[PDB]
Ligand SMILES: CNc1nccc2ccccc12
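Read the single chain below, which is given as C-alpha cells and is the form solved without the named molecule.
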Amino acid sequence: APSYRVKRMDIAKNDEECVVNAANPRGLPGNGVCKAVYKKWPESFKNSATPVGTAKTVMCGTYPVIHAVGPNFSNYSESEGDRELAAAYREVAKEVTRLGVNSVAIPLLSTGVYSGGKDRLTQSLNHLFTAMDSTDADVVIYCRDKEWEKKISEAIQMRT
C-alpha cells in the first residue's frame, strides 16, 4: 500500500524518484505544470505525444518523466471525460509499478486549463487515490494553491 503527502510547490522542484507530467496529446511544451516540466526536463519531450487517457514514460537518464494525458473537459462530456481521467491515472500507476521507483511526484490531472472552468479537485484526487492505491509507492501530490493544499491534506487524512 502507498503513502500520500501533499506539497505546495513547483513540481519541477520535487525530491521524488520520478515525476508525472500533466501532458497534452500532441507532446507540446504547453503551459502550467507541463511547461514547468519542459523547462526542467526538456529532453523528456522527445516523442512524448500520447493519446488522451494514456501515459507514456520518457527517461532522462534514470529519472522517469511519466507524461499522463488527462482530458480537456471543454472537449468531452462529463461522463466521457471522467472515464478518460480515471484511465490516465490507472496508466500512471502501471508505469510507476513497472519502473520500480520508490516514490512519485504527481499533480492533479485535468485541472486548470483542462477543467472546463469547474473545480475538479475532489474528482481528480479521487481518481488519483483509486489508481495509486494499487502501487506501494510513496506518493507526493504537488499543488500551487494554498486552499487546494488544505483540501488535499484533509482528504488524505480521512482515508486512514
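A residue's number is simply how far along the shown sequence it sits, counting from 1.
Engineer: Look over 147-155 and 12-20 in the entry and identify the one with the greater average Cα temperature factor.
Structural biologist: For C-alpha atoms only, the mean B-factor is higher in 147-155.
Engineer: Mean CA B-factor: is it higher for 132-140 or for 21-29?
Structural biologist: According to the entry, 132-140 carries the higher average C-alpha B-factor.
Engineer: Among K46, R98, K35, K118, where is the Cα B factor highest in this entry?
Structural biologist: The C-alpha B-factor peaks, among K46, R98, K35, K118, at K118.
Quick note: we don't show the form deposited with the named molecule bound, though the next part is all about it.
Engineer: Tell me, which of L125, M132, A36, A105 has a heavy atom within 4.5 angstroms of the named molecule in the bound PDB entry?
Structural biologist: None of the others qualify; the residue that does is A36.
Engineer: Spell out, yes or no, whether the shortest heavy atom distance between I11 and the named molecule in the bound PDB entry is within 4.5 Å.
Structural biologist: Yes, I11 sits close enough to the named molecule in the bound PDB entry that at least one of its heavy atoms falls within 4.5 Å.
Engineer: Consider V140 of the chain shown here, and say whether it contacts the named molecule in the bound PDB entry, taking contact as heavy atoms within 4.5 Å.
Structural biologist: No - in the bound PDB entry, heavy atoms of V140 and the named molecule never come within 4.5 Å of each other.
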